[PDB]
Amino acid sequence: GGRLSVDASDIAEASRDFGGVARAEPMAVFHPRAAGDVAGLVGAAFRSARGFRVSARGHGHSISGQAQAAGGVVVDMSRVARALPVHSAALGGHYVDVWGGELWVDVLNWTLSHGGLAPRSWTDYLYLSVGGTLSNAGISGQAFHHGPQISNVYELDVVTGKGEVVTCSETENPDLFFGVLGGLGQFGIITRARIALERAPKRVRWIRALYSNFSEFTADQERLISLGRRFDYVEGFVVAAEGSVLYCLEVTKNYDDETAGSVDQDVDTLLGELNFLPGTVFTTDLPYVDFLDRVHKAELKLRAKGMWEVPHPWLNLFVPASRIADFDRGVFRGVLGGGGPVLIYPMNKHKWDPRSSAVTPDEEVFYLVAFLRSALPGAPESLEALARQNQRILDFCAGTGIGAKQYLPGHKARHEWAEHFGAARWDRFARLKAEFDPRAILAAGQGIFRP
Ligand SMILES: *Cc1cc2c(cc1C)nc1c(=O)[nH]c(=O)nc-1n2C[C@H](O)[C@H](O)[C@H](O)COP(=O)(O)OP(=O)(O)OC[C@H]1O[C@@H](n2cnc3c(N)ncnc32)[C@H](O)[C@@H]1O
Ligand SMILES: O=C(Nc1cc(Cl)cc(OC(F)(F)F)c1)Nc1ccccc1CCO
């Protein structure tokens, strides 16, 4: 059903990612029409004498070659009749079946046009594949309340490393279901995901407020994620004094025709309880789709300046709330003291299922700290200096015993992976690999296992 391609542009695309550093080339790019085509290719890899590498590529947003299959085959999962949202009286809500390669932006547009429904949990950027985010976590300002995207999926169809198509959920083949979720593509290729949906808000009241005091900033973020009147989105970012560091709190209040008359007072009541700097509240009112697509608008302005297709040495850390104060002193004021955002916001561990493959710190409240800096165009030394700064951040966490965990981990050494997972989780991860991908065919670019 599918076709192997040796088109130079297809090979070049499959040999790069948003990170702009890793460049392992496959022999071919596979364009499937359906799940059975992916099953056929993985099946052939499992049966082959050499056991060539097979990796699914979402939208190629990996930082360090995680979707690359050196001298093997890259499956171009990009997109055919689409399933309509479905109501279930047993689940108490709606769901939608999506192809693993579908972009979240296309999922949103589909569910809105078919009943004004939408996923409850997002990523900041919607030009990411469903299978791609579900293999990591998929995090944004909604995760404190709904959990990451891996906590908002009912079922999957997975093509294992043996080329077998398996339907899994909490009730059917749960070890495969929970293993695949946050599983870094190690146990199979997601060909279908059954996404949880809610009736979509029509509009968003988008607020930003500034802080000079990190203790007040974090205390307000932690209080907001514990909230009943509440914001629907809680993020934050680190700001340089030139418009000394400032912290910007970023919140939203979702509303529709019914709640439009109470939105102004809900916002005012919530804001009155906060300790931001007076006169620093900035507000925007816009459609729900426009808010969700805000990062793609930043992307178009970057592509126009030749500032998008540059190296991205991005670093993402989960930091226990008990160590966040020390983190600001040594990192925001220390390492980074003196191009790209630095995001920071807490989340609730109870919204993360411990049965999944996702690795979070051993604390109920933890922060995501996202160092999203870009190197200068055509300037290799800029990338090198940013890479040294990232190593200084990791050395700082190691040196002060901060139990930080990397999100989208870029580890390569076996002892680094053992340390990342810890003994219990590593044992469960290795046993899943032995069962579902014994020949280590899948997502070898993650650098965890070898044939
Ligand atoms: C580039 C980028 C990334 C990003 C983001 C904004 C930008 C500009 N904003 C994010 C956000 O707000 N929240 C978040 O959680 N992540 C965010 N990201 C990072 C993003 O989640 C990751 O890059 C992730 O990998 C998804 O990106 P993508 O869809 O492009 O997937 P990939 O890079 O090609 O593949 C990643 C790994 O997953 C395996 N894979 C891919 N598809 C599948 C399927 N269908 N089944 C199983 N495994 C799959 C790849 O082989 C690779 O190992
Ligand atoms: O890329 C992210 N946000 C994002 C936010 C803004 Cl305002 C601009 C932006 O511009 C650019 F050019 F794309 F960088 C990106 N987020 C992300 C990335 C990886 C892991 C986790 C995260 C979630 C952190 O909330």
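Numbering starts at 1 and runs along the sequence shown. Because only heavy atoms are used, hydrogens play no part in the values below, and waters and symmetry mates are left out as well, while side chains stay in. Just so you know, ligand 1 is whichever comes first in the structure, and atom 1 is the first atom listed for that ligand.
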Checklist entry - Identify the closest protein heavy atom to atom 14 (F) of ligand 2: which residue and atom is it, and at what distance? => result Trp314 CZ2, 3.0 Å

Next on the checklist: Tell me the protein heavy atom at minimum distance from atom 9 (C) of ligand 2, and give that distance in Å.
Outcome noted: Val295 CG1, 3.6 Å

Checklist entry - So, is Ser55 polar-close to ligand 1, with some N/O to N/O distance under 3.5 Å? => result no

Checklist entry - With backbone taken as N, CA, C and O and side chain as the heavy atoms from C-beta onward, which portion of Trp122 lies under 4.0 Å from ligand 1: side chain, backbone, both, or neither? => result neither

Checklist entry - Does ligand 2 have an atom that lies less than 4.0 angstrom from a heavy atom of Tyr125? => result no

Checklist outcome for this item: Atoms of ligand 2 under 4.0 Å from any heavy atom of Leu302, numbered from 1 in the order shown, are 12 (F)

Item to check | Closest candidate by heavy atom, reference atom 19 (C) of ligand 2, pool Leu343, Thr123, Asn316, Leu368 | outcome: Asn316

Item to check | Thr133-ligand 1 polar pair, N/O distance under 3.5 Å | outcome: no

Checklist entry - Got an N/O contact under 3.5 Å between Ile190 and ligand 1? => result yes

Next on the checklist: With a cutoff of 4.0 Å, is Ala69 in contact with ligand 1, counting heavy atoms of the residue only?
Outcome noted: no

Checklist outcome for this item: Note: ligand 2 atoms sitting under 4.0 Å from heavy atoms of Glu235 are 25 (O)

Next on the checklist: What verdict does the salt bridge (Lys or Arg N to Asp or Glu O under 4.0 Å) test give for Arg323 and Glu363, after you've listed the backbone C-alpha separation in whole Å, the side-chain angles of each residue and the deciding distance to 0.1 Å?
Outcome noted: CA-CA 10 Å; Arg323 299 304 298 279; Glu363 229 169 85; over 6 Å; no

Next on the checklist: Could you check whether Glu155 and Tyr95, counting side-chain N and O atoms only, form a donor-acceptor pair closer than 3.5 Å?
Outcome noted: no

Checklist outcome for this item: For atom 22 (C) of ligand 1, the closest protein heavy atom turns out to be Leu408 CD2, 4.2 Å

Checklist entry - Does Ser62 approach ligand 1 within less than 4.0 angstrom via side chain, backbone, both or neither, non-hydrogen atoms only? => result both

Item to check | Within-cut-off N or O pair, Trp308 and ligand 1, under 3.5 Å | outcome: no

Checklist entry - Are any of the N or O atoms of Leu128 closer than 3.5 Å to those of ligand 1? => result no

Checklist entry - More than 12 foreign heavy atoms under 6.0 Å from NE2 of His415: is that the case here? => result no

Next on the checklist: Contact between ligand 2 and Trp308 is defined here as a heavy atom of the residue under 4.0 Å from a ligand atom; is it met?
Outcome noted: yes

Checklist entry - Are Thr123 and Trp104 close enough that a side-chain donor and a side-chain acceptor fall under 3.5 Å? => result no

Item to check | Subset of ligand 2 atoms that lie under 4.0 Å from at least one heavy atom of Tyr345 | outcome: 23 (C), 24 (C), 25 (O)

Checklist outcome for this item: In terms of its nearest heavy atom to atom 1 (O) of ligand 2, the top option of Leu128, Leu372, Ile139, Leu408 is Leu372

Next on the checklist: Side chain, backbone, both or neither: which applies to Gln149 and ligand 1 if a contact is any heavy-atom pair less than 4.0 Å apart?
Outcome noted: neither

Checklist entry - So which protein heavy atom does atom 48 (N) of ligand 1 come closest to, and at what separation? => result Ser135 OG, 3.3 Å

Checklist outcome for this item: Of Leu4, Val29, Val74, the one forming a side-chain contact (heavy atoms from CB on, under 4.5 Å) with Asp10 is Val29

Checklist entry - In a check of ring-ring contact (aromatic ring centres under 6.0 Å, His included) between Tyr247 and each of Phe217, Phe237, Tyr211, which one passes? => result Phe217

Checklist entry - Hey, would you say the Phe144 and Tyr233 ring centroids sit under 6.0 Å apart? => result no

Item to check | Closest contact, heavy atoms only, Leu134 versus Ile150 | outcome: O-CG2, 3.1 Å

Checklist entry - Backbone or side chain, does any N or O of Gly101 fall under 3.5 Å from an N or O of ligand 1? => result no

Checklist entry - Does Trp314 approach ligand 1 within less than 4.0 angstrom via side chain, backbone, both or neither, non-hydrogen atoms only? => result side chain

Item to check | Donor-acceptor pair between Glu419 and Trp426 side chains, under 3.5 angstrom | outcome: no

Checklist entry - Got the closest protein heavy atom to atom 24 (C) of ligand 1, with its distance? => result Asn136 ND2, 3.6 Å

Item to check | Closest protein heavy atom to atom 16 (N) of ligand 2, given as residue, atom name and distance to 0.1 Å | outcome: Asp124 OD2, 3.1 Å

Next on the checklist: Within the structure, is a non-hydrogen atom of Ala137 found at a distance of less than 4.0 Å from ligand 1?
Outcome noted: no

Checklist entry - Can you find an N/O atom of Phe18 closer than 3.5 Å to an N/O atom of ligand 1? => result no

Item to check | Close N or O approach (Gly58, ligand 1; < 3.5 Å) | outcome: yes

Checklist entry - Between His59 and ligand 1, is there a nitrogen or oxygen pair with a distance under 3.5 Å? => result yes

